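Engineer: Residue numbers (the entry's author numbering), protein chains in the order written: chain N, 1 to 146; chain E, 3 to 206; chain S, 2 to 119; chain 7, 2 to 66.
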RNA sequence: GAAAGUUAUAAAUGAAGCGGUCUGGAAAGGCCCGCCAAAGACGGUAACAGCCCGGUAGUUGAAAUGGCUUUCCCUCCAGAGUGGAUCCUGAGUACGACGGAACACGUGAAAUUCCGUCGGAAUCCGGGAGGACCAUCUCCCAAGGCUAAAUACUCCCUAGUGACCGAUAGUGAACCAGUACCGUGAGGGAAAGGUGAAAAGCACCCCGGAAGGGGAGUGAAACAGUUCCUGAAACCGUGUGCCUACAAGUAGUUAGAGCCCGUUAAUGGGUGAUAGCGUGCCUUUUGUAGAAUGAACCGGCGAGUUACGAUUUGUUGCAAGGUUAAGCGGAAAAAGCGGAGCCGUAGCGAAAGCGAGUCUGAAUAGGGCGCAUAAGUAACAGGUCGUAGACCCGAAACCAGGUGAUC
RNA sequence: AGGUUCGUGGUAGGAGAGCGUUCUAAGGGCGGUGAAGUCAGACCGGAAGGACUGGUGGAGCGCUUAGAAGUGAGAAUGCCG
Ligand SMILES: [Mg+2]
Ligand SMILES: [Mg+2]
Ligand SMILES: [Mg+2]
Ligand SMILES: [Mg+2]
Ligand SMILES: [Mg+2]
Ligand SMILES: [Mg+2]
Ligand SMILES: [Mg+2]
Ligand SMILES: [Mg+2]
Ligand SMILES: [Mg+2]
Ligand SMILES: [Mg+2]
Ligand SMILES: [Mg+2]
Ligand SMILES: [Mg+2]
Ligand SMILES: [Mg+2]
Ligand SMILES: [Mg+2]
Ligand SMILES: [Mg+2]
Ligand SMILES: [Mg+2]
Ligand SMILES: [Mg+2]
Ligand SMILES: [Mg+2]
Ligand SMILES: [Mg+2]
Ligand SMILES: [Mg+2]
Ligand SMILES: [Mg+2]
Ligand SMILES: [Mg+2]
Ligand SMILES: [Mg+2]
Ligand SMILES: [Mg+2]
Ligand SMILES: [Mg+2]
Ligand SMILES: [Mg+2]
Ligand SMILES: [Mg+2]
Ligand SMILES: [Mg+2]
Ligand SMILES: [Mg+2]
Ligand SMILES: [Mg+2]
Ligand SMILES: [Mg+2]
Ligand SMILES: [Mg+2]
Ligand SMILES: [Mg+2]
Ligand SMILES: [Mg+2]
Ligand SMILES: [Mg+2]
Ligand SMILES: [Mg+2]
Ligand SMILES: [Mg+2]
Ligand SMILES: [Mg+2]
Ligand SMILES: [Mg+2]
Ligand SMILES: [Mg+2]
Ligand SMILES: [Mg+2]
Ligand SMILES: [Mg+2]
Ligand SMILES: [Mg+2]
Ligand SMILES: [Mg+2]
Ligand SMILES: [Mg+2]
Ligand SMILES: [Mg+2]
Ligand SMILES: [Mg+2]
Ligand SMILES: [Mg+2]
Ligand SMILES: [Mg+2]
Ligand SMILES: [Mg+2]
Ligand SMILES: [Mg+2]
Ligand SMILES: [Mg+2]
Ligand SMILES: [Mg+2]
Ligand SMILES: [Mg+2]
Ligand SMILES: [Mg+2]
Ligand SMILES: [Mg+2]
Ligand SMILES: [Mg+2]
Ligand SMILES: [Mg+2]
Ligand SMILES: [Mg+2]
Ligand SMILES: [Mg+2]
Ligand SMILES: [Mg+2]
């Protein structure tokens with residue numbers, strides 16, 4: 001394009017609004033703030049959760065639970081994704097990482113059982129759900145745990 | 003595709019260019035956005051004004067609060083005073099921003115193909131000079147009928163082209179890796195050496 | 002970049018001060034009172050632009066009444082007779098006939114008398 | 002500076018699978034002789050933060066309760 | 001302590017139009033011809049200069065002193081194994097009680113470090129830590145010391161840059177500025193730029209004591225004459241076309257005769273005897289012409305902004321994927337490299353955990369939250385919010401360091 | 001782009017389309033045969049506003065498309081003259 005006829009995409013840029021420039025624009029004297037309150041003052045307003053003295057909602061309901069230091073989370077792989085592999089292939093967590101369908105392993109690879117598979121495959125992973133194992137041996141493959 | 007020609011003006015044969023680079027349908031909106039992005043990151047943004055807390059003086063209340071007949075005043079450097087401080091004004095600040103990589107690659111492809119779509123691109127087999135001489139370069143430019151702002155892309159040898167063309171006004175020489183959207187858009191014609199074409203194609 | 006306010010304020014104020022030409026005292030010299038004078042003049046013109054039609058209709062009716070009283074008719078009777086006969090001449094043209102061509106006015110009054118009695 | 006998460010309400014609410022907030026009932030501490038068994042059974046479950054309160058406390062739990 | 005090199009502090013050389021013609025006070029400008037260019041940066045010259053001047057690119061240059069780098073000189077120097085009998089390995093310390101402090105950690109289940117007061121070890125078959133503590137295991141040797149680089153800042157110096165200001169702006173200070181002035185003192189703290197290209201800064205004559213004028217002269221211009229480019233408004237005057245001394249006036253608007261003119265030429269301009277209608281502007285209020293508030297008039301200055309996060313709408317690129325951060329590279333560039341990380345693709349439960357389900361529950365019951373019923377991510381722009389003075393002006397007061405008994 | 005029908009008082013407030021000012025980039029321009037500024041006119045547009053002619057002035061300034069803001073004053077017992 002020529003620099004003397006630049007035209008940005010329509011709808012992608014808009015004009016800023018300026019308040020306090022005369023009464024003809026609708027944002028003149030009071031500048032969209034009303035008349036003589038706390039919210040009409042410079043730097044005015046109350047805290048995010050303030051209710052004017054009434055007890056805040058979070059302070060009239062109880063706390064619950066604790067946090068486990070040894071919490072374990074697993075990367076989830078479903079069966080339908082696993083269909084993208086030529087059968088007779090030994091599927092390995094390192095292979096799952098190299099193909100790019102698993103970005104980071106959190107505490108191990110655990111496969112689930114939604115969707116369908118139809119390929120004879122051998123799969124090894126840290127954990128298996130019951131139905132996922134049943135579906136894998138249903139198609140003829142074998143499951144082994146790492 | 004295009005017609006390769008020698009630097010003396012005589013035809014040198016034929017040259018073909020990759021269609022994934024020079025043959026795509028240009029995306030104008032992406033080019034405009036990238037041009038704005040590249041132009042907005044060239045500015046220093048060195049500017050500054052003094053608030054009422056940096057103007058020398060102040061502190062003492064000019065006169066009493068009540069009973070004197072004058073208006074209530076609190077400092078000699080208040081914004082409404084004559085020598086007072088600025089309210090908001092400018093401040094040192096950066097303006098640079100950068101947009102996703104694939105967008106920038108699409109932009110360079112589109113603007114580089116748009117030149118070919120308008121017959122504003124010249125490919126020549128070689129371009130060399132024994133010694134730096136602006137007269138020879140001017141004669142060259144006259145021979146290949148450019149007569150306008152031009153950008154010359156030389157790849158590896160070039161002998162001494164930058165020196166022998168540094169004084170001409172609307173002429174710029176870049177080493178085939180510094181190619182940019184804004185630089186290409188700034189100049190009218192684009193003269194590119196054959197050896198630079200392979201480099202440009204293989205990079206993108 | 003700094004944008005100092007020159008040449009724009011005076012250009013705008015001088016237009017109002019020129020619009021207030023011919024007023025008494027400072028109303029044609031000083032911006033603050035000239036602005037109020039100009040706004041009030043615009044408002045007065047807007048209102049009088051409606052009252053003008055009312056005033057002229059009153060004048061036409063008075064002249065028609067005066068001319069018709071010389072023919073042993075009221076304004077009310079004359080207008081009723083003209084409406085009953087089927088004549089659609091407005092007050093302006095009847096007043097014109099009354100002021101100048103009174104013969105034609107008397108002919109129209111004869112038509113109204115004919116229709117009214119009938 | 003990035004805005005801070007309200008720690009007091011980060012111990013009481015939970016973010017569900019649709020983005021809503023889940024809370025606990027609040028009359029269940031020390032006067033169980035004064036309320037019936039139906040009321041106690043229904044107070045031991047969990048409720049949801051209503052629309053009016055959600056409109057007021059979005060910003061203050063904006064990052065994962 | 002030498003030798004060599006380099007660098008900093010003066011400098012030298014350096015291409016090309018007196019080109020013709022028009023306007024003009026003056027050519028660097030217009031028109032028509034040429035030339036140089038590793039030099040078309042900047043400034044000056046009677047208006048806008050690559051070819052008039054100082055210069056610029058490039059190439060050279062140092063008697064003297066300082067800095068850096070190599071080489072020589074000079075100076076100083078033990079490091080491997082094989083054995084364990086015996087000896088050594090930081091004492092009023094390490095810890096403990098009491099009272100405080102620092103650790104993101106407010107005495108708490110309180111580990112770790114430091115201070116004041118008392119008590120007070122082992123020492124290789126030994127000692128400490130792994131967030132009270134004991135056993136097992138693992139890692140490590142306190143109570144002695146030194147150590148460059150990657151990091152923070154700029155009163156200064158050399159070379160530069162700016163979608164920074166342009167005399168109420170920008171430093172308080174573009175000018176003999178921390179000066180004049182104010183105060184006992186600490187301390188506070190201004191106003192004030194421009195003749196002309198060149199003084200060619202008005203010889204001489206007339207009025208006057210002078211100041212100041214009228215001619216004459218210089219000048220492109222004196223209506224540029226020693227606050228001197230331009231010269232607005234308030235404010236003060238001189239002359240004249242229309243009206244005005246029986247008239248109750250927010251001063252105008254509508255109708256309108258008479259008199260005087262003649263335009264960006266069109267159902268034009270100035271003034272207006274007489275008639276109808278008509279209680280300024282702003283703020284704050286249920287309600288203001290208000291006898292409620294503000295403004296003597298004119299001019300200049302004077303109030304929603306930026307940085308980082310959240311959320312929502314629009315646009316663009318890719319799409320079950322999207323995207324890099326710091327950093328390397330470079331011209332205060334553009335690519336290229338960098339996948340550490342972040343969001344999304346799975347939820348439920350306080351948790352172990354299970355998983356298109358899960359939790360409650362004795363339950364294959366019912367119910368809650370989810371799936372069926374699946375589009376996100378990166379950047380930009382608008383709206384709003386949070387942390388920062390956060391929209392601008394205004395207290396009485398509080399604390400800390402100092403100056404004052406010349407009243 | 002052309003029609004039919006229904007509408008077009010308005011404070012706080014919501015939404016939309018625009019005028020003008022300073023600077024930057026590209027294209028194209030005018031100016032000692034007189035630029036910006038200033039003064040006067042009975043011209044043009046729906047508004048903010050924009051031209052043309054003449055006097056003073058004596059050297060710089062518009063236009064088109066985008067971008068960035070120290071962005072427009074009649075009031076604050078507002079500050080300076
Ligand atoms: Mg707008
Ligand atoms: Mg409004
Ligand atoms: Mg107002
Ligand atoms: Mg108010
Ligand atoms: Mg309010
Ligand atoms: Mg201060
Ligand atoms: Mg103070
Ligand atoms: Mg200042
Ligand atoms: Mg400026
Ligand atoms: Mg102003
Ligand atoms: Mg009059
Ligand atoms: Mg959870
Ligand atoms: Mg309990
Ligand atoms: Mg020389
Ligand atoms: Mg020379
Ligand atoms: Mg001449
Ligand atoms: Mg010439
Ligand atoms: Mg000269
Ligand atoms: Mg001149
Ligand atoms: Mg000059
Ligand atoms: Mg030791
Ligand atoms: Mg210890
Ligand atoms: Mg203790
Ligand atoms: Mg041990
Ligand atoms: Mg540890
Ligand atoms: Mg432990
Ligand atoms: Mg040691
Ligand atoms: Mg000035
Ligand atoms: Mg100043
Ligand atoms: Mg003194
Ligand atoms: Mg001078
Ligand atoms: Mg004299
Ligand atoms: Mg004289
Ligand atoms: Mg004379
Ligand atoms: Mg003369
Ligand atoms: Mg001059
Ligand atoms: Mg003067
Ligand atoms: Mg005047
Ligand atoms: Mg009488
Ligand atoms: Mg009389
Ligand atoms: Mg009257
Ligand atoms: Mg009242
Ligand atoms: Mg009164
Ligand atoms: Mg009051
Ligand atoms: Mg008053
Ligand atoms: Mg999208
Ligand atoms: Mg990547
Ligand atoms: Mg269920
Ligand atoms: Mg705000
Ligand atoms: Mg003393
Ligand atoms: Mg309306
Ligand atoms: Mg209506
Ligand atoms: Mg709005
Ligand atoms: Mg001319
Ligand atoms: Mg002439
Ligand atoms: Mg200007
Ligand atoms: Mg003029
Ligand atoms: Mg304009
Ligand atoms: Mg302003
Ligand atoms: Mg004023
Ligand atoms: Mg005053």
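The beta carbon of each residue, even a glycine, is placed where N, CA and C say it ideally should be.
Taking any Cβ of chain N, which residues in the region 172-188 of chain E have a Cβ under 8 Å from it, in chain order?
Structural biologist: If the cut-off is 8 Å between Cβ atoms, the region 172-188 of chain E has 187, 188 near chain N.
Engineer: Just to make sure I have the definition right: I need the residues of chain E whose C-beta is within less than 9 Å of the C-beta of residue 7 (chain N). Which are they?
Structural biologist: Under the 9 Å cutoff, chain E gives 30, 31, 34.
Engineer: With a Cβ-Cβ cutoff of 8 Å, do residue 21 (chain S) and residue 15 (chain S) count as a contact?
Structural biologist: Cβ distance not < 8 Å, so residue 21 (chain S) and residue 15 (chain S) don't count as in contact.
Engineer: In three-state terms, what does DSSP make of residue 5 (chain S)?
Structural biologist: Residue 5 (chain S): coil per DSSP, three-state reduction.
Engineer: Between residue 69 (chain N) and chain 7, is any beta-carbon pair separated by less than 8 Å?
Structural biologist: Judged by the 8 Å Cβ criterion, residue 69 (chain N) is not in contact with chain 7.
Engineer: Please state if the CB of residue 88 (chain S) and the CB of residue 112 (chain S) are separated by a distance shorter than 8 Å.
Structural biologist: Yes. Within cutoff.
Engineer: Would the region 52-59 of chain 7 count as touching the region 34-46 of chain N if we require 3 or more Cβ pairs under 8 Å?
Structural biologist: Judged by Cβ distances under 8 Å, the region 52-59 of chain 7 makes no contact with the region 34-46 of chain N, as fewer than three pairs qualify.
Engineer: Using 7 Å as the cut-off, classify the Cβ of residue 23 (chain S) as near or not near the heavy atoms of ligand 11, replying yes or no.
Structural biologist: Correct: residue 23 (chain S) has its Cβ closer than 7 Å to ligand 11.
Engineer: How would you list, in chain order, the residues of chain E whose beta-carbon sits under 8 Å from the beta-carbon of residue 3 (chain N)?
Structural biologist: Here the neighbours are 37, 187, 188.
Engineer: Rounded to whole angstroms, what's the CA-CA distance from residue 34 (chain N) to residue 27 (chain N)? Just pull it up for me.
Structural biologist: Their Cα atoms are separated by approximately 11 Å.
Engineer: How would you write the range of the alpha helix (DSSP H) that residue 123 (chain E) sits in, first residue to last?
Structural biologist: Per DSSP, residue 123 (chain E) belongs to no alpha helix (DSSP H); it is in the beta strand (DSSP E), 123-126.
Engineer: In chain order, what are the residue ranges of uninterrupted alpha helix (DSSP H) at least 4 long that sit wholly in the region 9-87 of chain E?
Structural biologist: If we require 4 residues or more, the alpha helix (DSSP H) runs fully inside the region 9-87 of chain E come out as 21-24, 30-42.
Engineer: Contact between the region 69-85 of chain E and the region 48-59 of chain E is defined here as three or more beta-carbon pairs at a separation below 8 Å; is this criterion met?
Structural biologist: Yes: at least three Cβ pairs fall under 8 Å.
Engineer: Taking only beta carbons into account, state which residues of the region 41-57 of chain N come closer than 7 Å to chain 7, listed in chain order.
Structural biologist: Here the close residues are 48, 49, 57.
Engineer: Can we count residue 41 (chain 7) as close to ligand 4, meaning its CB is less than 7 Å from some heavy atom?
Structural biologist: No, since every heavy atom of ligand 4 falls outside the 7 Å radius drawn around the Cβ of residue 41 (chain 7).
Engineer: Can residue 78 (chain S) and residue 117 (chain S) be called in contact, C-beta distance under 8 Å?
Structural biologist: For residue 78 (chain S) and residue 117 (chain S), yes; Cβs fall inside 8 Å.
Engineer: State the DSSP-derived secondary structure class of residue 54 (chain N), mapped to helix, strand or coil.
Structural biologist: Here residue 54 (chain N) sits in strand by DSSP.
Engineer: For residue 52 (chain N), which of 38 (chain N), 64 (chain N), 42 (chain N), 63 (chain N) has the nearest alpha-carbon?
Structural biologist: Among 38 (chain N), 64 (chain N), 42 (chain N), 63 (chain N), the Cα nearest to that of residue 52 (chain N) is on 38 (chain N).
Engineer: Can you name the start and end residues of the alpha helix (DSSP H) that residue 58 (chain S) belongs to?
Structural biologist: Residues 32-70.
Engineer: What is the DSSP secondary structure of residue 106 (chain S), counted as helix, strand or coil?
Structural biologist: Here residue 106 (chain S) sits in helix by DSSP.
Engineer: So with CB distances below 9 Å, who are the chain 7 contacts of residue 16 (chain N)?
Structural biologist: Under the 9 Å cutoff, chain 7 gives no residues; its nearest Cβ is about 24 Å from residue 16 (chain N).
Engineer: For residue 106 (chain E), does the three-state DSSP call read helix, strand or coil?
Structural biologist: Helix at residue 106 (chain E).
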